[PDB]
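End of the sequence shown = 607 in this note's numbering, gap-free, step of one.
For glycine and all other residues, C-beta sits at the position ideal for the given N, C-alpha and C.
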Amino acid sequence: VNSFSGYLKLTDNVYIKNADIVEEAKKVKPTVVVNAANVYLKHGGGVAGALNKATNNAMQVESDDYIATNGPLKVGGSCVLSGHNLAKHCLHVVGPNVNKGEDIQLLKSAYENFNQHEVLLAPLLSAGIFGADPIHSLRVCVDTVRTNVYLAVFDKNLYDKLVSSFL
Ligand SMILES: Cc1nc(C(=O)N[C@@H](CC(=O)O)c2ccccc2)c2cc[nH]c2n1
Numbered sequence: 441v442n443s444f445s446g447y448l449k450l451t452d453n454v455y456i457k458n459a460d461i462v463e464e465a466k467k468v469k470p471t472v473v474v475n476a477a478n479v480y481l482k483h484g485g486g487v488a489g490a491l492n493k494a495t496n497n498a499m500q501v502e503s504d505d506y507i508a509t510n511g512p513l514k515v516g517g518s519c520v521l522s523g524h525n526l527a528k529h530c531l532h533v534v535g536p537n538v539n540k541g542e543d544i545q546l547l548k549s550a551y552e553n554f555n556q557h558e559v560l561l562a563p564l565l566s567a568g569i570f571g572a573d574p575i576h577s578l579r580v581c582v583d584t585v586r587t588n589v590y591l592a593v594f595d596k597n598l599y600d601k602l603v604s605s606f607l
């Protein structure tokens, strides 16, 4: 039993909800919140910009120190950093950005990072400003993640499409 509320069960381990991941994280304080990161951890917009704003820019400060020490992530890769006031940990995961021309086949590799954590709150990787088809991303999530994933979907219209079209 966990604290997530109001989710629709898609499979044994994948759940979905129309919700703001920022407000959801603040309420649940999950062990792991997933950020839709880029390889430079520049949290300027989309989910990353929103998560970082909620931390009063502390996420960005921590991220800049991480990059200065370690260099950029790989597309498809991840790192674990602090969750600040939102969660215990933030798993920064780099899905391919279609608007940069990156291989969508890397979306599966990106979702594989979720399997290192028993329970996560997360967005659809590569959705939104990353330009991928969210129906394809939900499909990859369901077919790749084996741990318990709670998806927050910001747009009410997109969610209903995701639920109504889910196989
Ligand atoms: C869960 C979540 N998602 C996003 C986000 O950018 N979401 C994409 C995908 C989607 O609909 O979830 C989007 C695509 C088209 C229109 C609006 C949003 C944000 C931004 C701030 N907080 C968030 N929380």
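The segment 508-526 in contact with the segment 544-552 per 3-pair CB rule at 8 angstroms:
yes
CB of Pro-470 to nearest heavy atom of ligand 1: below 7 angstroms?
Along the sequence shown, read from residue 1 onward, the residue named residue 470 stands at position 30. Checking the Cβ of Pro-470 against ligand 1 gives no.
Beta carbon of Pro-574, beta carbon of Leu-602: below 8 angstroms?
Counting from one through the sequence shown, the residue named residue 574 turns up at place 134. Counting from one through the sequence shown, the residue named residue 602 turns up at place 162. Going by C-beta atoms, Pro-574 is nearer than 8 angstroms to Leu-602.
Enumerated in chain order, which unbroken segments of the beta strand (DSSP E) with a length of 3 residues or greater are wholly contained in the segment 510-557?
518-522 and 529-533
Heavy atoms of ligand 1 versus C-beta positions, residues under 5 angstroms:
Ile-461, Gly-486, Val-487, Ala-490, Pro-563, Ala-567, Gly-568, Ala-592, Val-593, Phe-594, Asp-595 and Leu-598
Considering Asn-475, what are the terminal residues of the beta strand (DSSP E) in which it resides?
Looking up residue 475 in the sequence shown gives position 35. Segment 472-476, the beta strand (DSSP E) holding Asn-475.
Any contact between the segment 580-592 and the segment 491-499? By contact I mean 3 or more CB pairs, one from each, below 8 angstroms.
Short answer: they don't touch.
Nearest to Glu-464 by alpha carbon, out of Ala-527, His-576, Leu-448 and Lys-540?
Position 24 of the sequence shown, counted from the first residue, corresponds to residue 464. Of the candidates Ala-527, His-576, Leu-448 and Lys-540, the one whose C-alpha sits nearest the C-alpha of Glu-464 is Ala-527.
With distances taken between CB atoms, is the gap from residue 617 to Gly-486 smaller than 8 angstroms?
Past the edges of the chain, shown from 441 to 607, lies residue 617, and the structure says nothing about it.
Any chance the segment 500-508 sits against the segment 553-570, with 3 or more Cβ pairs inside 8 angstroms?
no
Leaving aside the five residues before and after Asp-543 along the sequence, list all residues of the same chain whose C-beta is less than 7 angstroms from its C-beta, in chain order.
To locate residue 543, count along the sequence shown from 1; it is residue 103. Contacts found: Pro-536.
Would a C-beta distance cut-off of 8 angstroms place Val-589 and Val-534 closer than the cut-off?
Mapped onto the sequence shown, residue 589 falls at position 149. Mapped onto the sequence shown, residue 534 falls at position 94. Contact flag unset, no.
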